[PDB]
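Take a look at the structure set out below.
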Amino acid sequence: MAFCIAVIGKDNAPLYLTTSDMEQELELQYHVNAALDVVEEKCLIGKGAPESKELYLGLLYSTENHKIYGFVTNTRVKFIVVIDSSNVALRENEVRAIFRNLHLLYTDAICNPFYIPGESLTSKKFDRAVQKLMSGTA
Amino acid sequence: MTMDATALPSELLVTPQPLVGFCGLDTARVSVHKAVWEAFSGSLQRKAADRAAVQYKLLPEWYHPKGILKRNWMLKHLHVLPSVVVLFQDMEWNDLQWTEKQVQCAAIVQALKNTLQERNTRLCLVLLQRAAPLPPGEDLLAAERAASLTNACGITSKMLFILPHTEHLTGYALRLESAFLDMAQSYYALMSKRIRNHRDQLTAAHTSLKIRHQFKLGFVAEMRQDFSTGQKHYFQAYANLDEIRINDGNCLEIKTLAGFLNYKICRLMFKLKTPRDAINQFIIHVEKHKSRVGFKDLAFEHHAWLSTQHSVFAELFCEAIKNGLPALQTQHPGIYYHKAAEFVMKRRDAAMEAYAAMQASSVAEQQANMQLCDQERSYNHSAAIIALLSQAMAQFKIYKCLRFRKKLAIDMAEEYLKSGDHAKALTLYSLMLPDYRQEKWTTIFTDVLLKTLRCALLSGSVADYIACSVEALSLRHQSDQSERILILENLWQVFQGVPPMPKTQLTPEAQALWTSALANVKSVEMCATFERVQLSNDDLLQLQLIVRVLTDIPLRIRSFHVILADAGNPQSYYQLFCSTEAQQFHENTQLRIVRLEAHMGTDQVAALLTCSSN
Numbered sequence: 009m010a011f012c013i014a015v016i017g018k019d020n021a022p023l024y025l026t027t028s029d030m031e032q033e034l035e036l037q038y039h040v041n042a043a044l045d046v047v048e049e050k051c052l053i054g055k056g057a058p059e060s061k062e063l064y065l066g067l068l069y070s071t072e073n074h075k076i077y078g079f080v081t082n083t084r085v086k087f088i089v090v091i092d093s094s095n096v097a098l099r100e101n102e103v104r105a106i107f108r109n110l111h112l113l114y115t116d117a118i119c120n121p122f123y124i125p126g127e128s129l130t131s132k133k134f135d136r137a138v139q140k141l142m143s144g145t146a
Numbered sequence: 225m226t227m228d229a230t231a232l233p234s235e236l237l238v239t240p241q242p243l244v245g246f247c248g249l250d251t252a253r254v255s256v257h258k259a260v261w262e263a264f265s266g267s268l269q270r271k272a273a274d275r276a277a278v279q280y281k282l283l284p285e286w287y288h289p290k291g292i293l294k295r296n297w298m299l300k301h302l303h304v305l306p307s308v309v310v311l312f313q314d315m316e317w318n319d320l321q322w323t324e325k326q327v328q329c330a331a332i333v334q335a336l337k338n339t340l341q342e343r344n345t346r347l348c349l350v351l352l353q354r355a356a357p358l359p360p361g362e363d364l365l366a367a368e369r370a371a372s373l374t375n376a377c378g379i380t381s382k383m384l385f386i387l388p389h390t391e392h393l394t395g396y397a398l399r400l401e402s403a404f405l406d407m408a409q410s411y412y413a414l415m416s417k418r419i420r421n422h423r424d425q426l427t428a429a430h431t432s433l434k435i436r437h438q439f440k441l442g443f444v445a446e447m448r449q450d451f452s453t454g455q456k457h458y459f460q461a462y463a464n465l466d467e468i469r470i471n472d473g474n475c476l477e478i479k480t481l482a483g484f485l486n487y488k489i490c491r492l493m494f495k496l497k498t499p500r501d502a503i504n505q506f507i508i509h510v511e512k513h514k515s516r517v518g519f520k521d522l523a524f525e526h527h528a529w530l531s532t533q534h535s536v537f538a539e540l541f542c543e544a545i546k547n548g549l550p551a552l553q554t555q556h557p558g559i560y561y562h563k564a565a566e567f568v569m570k571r572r573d574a575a576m577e578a579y580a581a582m583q584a585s586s587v588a589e590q591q592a593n594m595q596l597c598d599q600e601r602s603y604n605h606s607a608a609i610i611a612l613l614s615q616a617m618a619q620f621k622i623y624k625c626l627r628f629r630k631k632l633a634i635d636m637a638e639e640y641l642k643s644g645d646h647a648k649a650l651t652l653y654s655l656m657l658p659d660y661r662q663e664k665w666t667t668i669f670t671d672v673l674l675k676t677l678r679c680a681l682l683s684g685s686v687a688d689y690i691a692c693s694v695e696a697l698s699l700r701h702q703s704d705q706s707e708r709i710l711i712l713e714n715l716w717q718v719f720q721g722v723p724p725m726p727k728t729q730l731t732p733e734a735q736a737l738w739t740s741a742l743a744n745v746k747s748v749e750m751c752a753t754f755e756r757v758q759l760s761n762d763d764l765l766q767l768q769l770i771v772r773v774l775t776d777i778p779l780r781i782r783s784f785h786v787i788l789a790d791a792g793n794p795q796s797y798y799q800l801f802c803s804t805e806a807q808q809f810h811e812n813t814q815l816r817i818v819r820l821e822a823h824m825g826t827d828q829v830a831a832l833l834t835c836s837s838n
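Read top to bottom, the protein sequences are chains A and B.
Quick note: to get this note's numbering, add 8 to the position in the first sequence (first position is 1).
Quick note: to get this note's numbering, add 224 to the position in the second sequence (first position is 1).
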């Protein structure tokens, strides 16, 4: 099992972290995972994904044993993780809760004014909170 | 016993249709038979609604199943053996030459009934009464000649048909088709009953013969349009296969049979438009298959066949598009196009593995298995990979999915790299790199950038090479500084035109290839600002253009250039003298340079980095 926690602005990948239930993803999957996430986000946005309500999208993409959830804020921000399986014991209400908390941390970092919007999530304090969310889910 | 249902692909890719035969007819008649065959090709002239499914073909323990026992029996049933036999003849109403017509048609129908006695098939005869039309109930010689037929053979009267004149022949051909639908379905039902009766008996519970029978049962049903019954008998055959043992030498053949079955049943799905049903069958069985084999799996098997699985399903995607379903393709234009593409990628990787295990010292016919590999060694061109990428490319482009198709394009170029075919890889990369810079995300931008470095050095499009290298030095801070230094040296080399340094990869042939180059080739960021424009024909502008280097490494501070413009009338931090404006030109002209073109280090940044004005 591995999760990749990713916030997405307009076109880039501000913060992606490739972690597992044990540690960061040792496998050299970094670039492939990032490219797949970006392509999926672009295609879905072109289709309709840009919408007012906080948009839930479970299994909107399906890679090799990694199933993706996309979420939309009315402030035009996107969020992604994957599960390292075609099938593994987990839930979706937990996904709702974890990305709600991901939004909470997003806006709490947006509180940091030194962070101009559209940048990498640099703060190791914020990022350790993010990997604590990771531990919450894996 | 348990023989294969079939080991034959490329079977019934189009909607299966019946076949009724036409005998060996000479050229002497083929001309008028042209009109005859025209009505026959009329089935292909007319709309599918008008078009009758059947088409034409030519010719000159328990007891074992007849008609089912072997797969060549299946295929011979499919097209070689017509359900019904029809021989077209001519009938001119005359006196004694018409008696010779009697004797001749008697001979031909005698031969034809002998042939039928070989193969148990229903028969019909068609005659052109080429004379002028007359009322029905007029020709007693029609009854006489039918009786001459019957004492010769016994064919029932109604099977006789007439097509006197072409303008009449067309309508009589339409009703011919209808009657043929009648007799064909009759024969099809009869064979269906034969199959079911066979299936009710077991030759000591062989249990796989019946599998063939239910397969052929589905064949019959799809002949007769009962798609649902036949598809479910197919799926029941799938269940029967499941009940069979696994992982034997057969299990691969089991998997291929299930591939046939998935093909057919998914056809029948999309014919009935049960999309996610087809998806579920697809997945269900394919992960069954992945489980069933752990090795051998020489991976041109169960991997290439996986690729063909997704190939057929892509075929059925486009089949749906022709049908018109937008569902899964609003979802995913081809869910499995590029998927099969990555499966043929693993195919080729497994081929590389095959070469590896070959590089070992490489009695149960493993050499034939090795010969298998040699056969598998043949399908290593992986150009078919490129073509499948092309189909996925276009298929996703169908709904205009630019990003995904572009990344499949970088896939293509990467593959050409693997094949060593730098040229077209460079072409697609040349398309992608401006795109990737437009995506503003430098990471994969730089990754394909070093890919392009390799591509261009191998090709020698050193103009393109240096363009990508220089926009790479623009923000190369994600990479090693020393390599930036090396590449900057390469920049001065190419500007001089002398061979570039990455000889660590270079080999003399392509080296000379690009030595040829640049004879034809003709042509980090800073900021442009203006202290004053739109003058009163008295002002004097000056160097407000701050030349900034964002590369850590310096570029040699060589020289400068300014280019004059004509609107209306013709007329770290490093700054050095240029006196760009001292020429007192005419008023109200804001001469904003297209590109900087000052000679710092070398000619320029060329790749499109210049700002407008203040």
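Ideal placement from N, C-alpha and C gives every residue a C-beta, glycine not left out.
Bounding residues of the alpha helix (DSSP H) (the contiguous stretch that carries residue i)
{"i": "residue 70 of chain A", "result": "No alpha helix (DSSP H) contains residue 70 of chain A, which is instead part of the beta strand (DSSP E) from 63-71."}
{"i": "residue 327 of chain B", "result": "321-343"}
{"i": "residue 561 of chain B", "result": "561-582"}
{"i": "residue 640 of chain B", "result": "626-643"}
{"i": "residue 458 of chain B", "result": "451-467"}
{"i": "residue 720 of chain B", "result": "705-720"}
Contact set for residue i: own chain, Cβ-Cβ below 8 Å, skip 5 residues either direction
{"i": "residue 745 of chain B", "result": "686, 687"}
{"i": "residue 534 of chain B", "result": "560, 561, 563, 564, 567"}
{"i": "residue 90 of chain A", "result": "10, 11, 12, 41, 71, 74, 75, 76"}
{"i": "residue 292 of chain B", "result": "298, 419, 422, 433, 436, 437, 440"}
For residue i, the nearest candidate out of the options (CA to CA)
{"i": "residue 384 of chain B", "options": "B:395, B:366, B:391, B:376", "result": "B:366"}
{"i": "residue 786 of chain B", "options": "B:533, B:539, B:766", "result": "B:766"}
{"i": "residue 705 of chain B", "options": "B:665, B:634, B:774", "result": "B:774"}
{"i": "residue 351 of chain B", "options": "B:313, B:318, B:645", "result": "B:313"}
{"i": "residue 264 of chain B", "options": "B:404, B:371, B:342, B:302", "result": "B:404"}
{"i": "residue 780 of chain B", "options": "B:827, B:731, B:371", "result": "B:827"}
{"i": "residue 621 of chain B", "options": "A:75, A:58, A:51, A:15", "result": "A:51"}
{"i": "residue 732 of chain B", "options": "B:249, B:701, B:683", "result": "B:683"}
{"i": "residue 233 of chain B", "options": "B:720, B:341, B:791, B:482", "result": "B:482"}
{"i": "residue 833 of chain B", "options": "B:751, B:612, B:709", "result": "B:751"}
{"i": "residue 82 of chain A", "options": "A:71, A:18, A:99, A:133", "result": "A:18"}
{"i": "residue 692 of chain B", "options": "B:335, B:825, B:353, B:657", "result": "B:657"}
{"i": "residue 713 of chain B", "options": "B:253, B:690, B:699", "result": "B:690"}
{"i": "residue 697 of chain B", "options": "B:681, B:673, B:678", "result": "B:673"}
{"i": "residue 660 of chain B", "options": "B:675, B:580, B:730", "result": "B:675"}
{"i": "residue 626 of chain B", "options": "B:639, B:473, B:662", "result": "B:662"}
Delimiting residues of the beta strand (DSSP E) encompassing residue i
{"i": "residue 153 of chain A", "result": "Absent from the structure is residue 153 of chain A, since the part of chain A shown begins at 9 and ends at 146."}
{"i": "residue 678 of chain B", "result": "Premise fails: residue 678 of chain B lies in the alpha helix (DSSP H), 666-683, not in any beta strand (DSSP E)."}
{"i": "residue 553 of chain B", "result": "Residue 553 of chain B -> not in any beta strand (DSSP E); alpha helix (DSSP H) instead, spanning 551-555."}
{"i": "residue 24 of chain A", "result": "23-28"}
{"i": "residue 314 of chain B", "result": "308-314"}
{"i": "residue 352 of chain B", "result": "346-352"}
{"i": "residue 86 of chain A", "result": "85-92"}
{"i": "residue 14 of chain A", "result": "10-16"}
Residues near residue i in its chain [Cβ-Cβ closer than 6 Å; skip 5 each side]
{"i": "residue 619 of chain B", "result": "557, 558, 561"}
{"i": "residue 267 of chain B", "result": "275, 276"}
{"i": "residue 575 of chain B", "result": "604"}
{"i": "residue 69 of chain A", "result": "48, 76"}
{"i": "residue 641 of chain B", "result": "649"}
Supposed contact pair residue j and residue i - C-beta distance, whole angstroms, cut 8 Å
{"i": "residue 768 of chain B", "j": "residue 754 of chain B", "result": "5 Å"}
{"i": "residue 175 of chain B", "j": "residue 467 of chain B", "result": "In the structure displayed, chain B extends from 225 to 838; residue 175 of chain B sits before or after that span and is not available."}
{"i": "residue 118 of chain A", "j": "residue 16 of chain A", "result": "Wrong, their Cβ atoms sit about 15 Å apart, outside the cutoff."}
{"i": "residue 58 of chain A", "j": "residue 126 of chain A", "result": "With a Cβ gap of about 17 Å, residue 58 of chain A and residue 126 of chain A do not count as contacting."}
{"i": "residue 427 of chain B", "j": "residue 286 of chain B", "result": "4 Å"}
7 Å CB neighbourhood of residue i in its chain, flanking five on each side removed
{"i": "residue 195 of chain B", "result": "An answer regarding residue 195 of chain B cannot be provided, because it is not within the stretch 225 to 838 covered by chain B."}
{"i": "residue 33 of chain A", "result": "10, 26, 27"}
{"i": "residue 390 of chain B", "result": "259"}
{"i": "residue 349 of chain B", "result": "311, 313, 333, 379, 383, 384"}
- Query: What are the complete alpha helix (DSSP H) segments, minimum 4 residues, inside the region 369-445 of chain B?
  - Reply: 390-423
- Starting from the N-terminal side, write out each stretch of the beta strand (DSSP E) that is 3 residues or longer and does not extend beyond the region 93-141 of chain A. Entirely contained in the region 93-141 of chain A, not one beta strand (DSSP E) run reaches 3 residues.
- Give, in chain order, every unbroken run of the beta strand (DSSP E) that is at least 3 residues long and sits entirely within the region 464-522 of chain B. none
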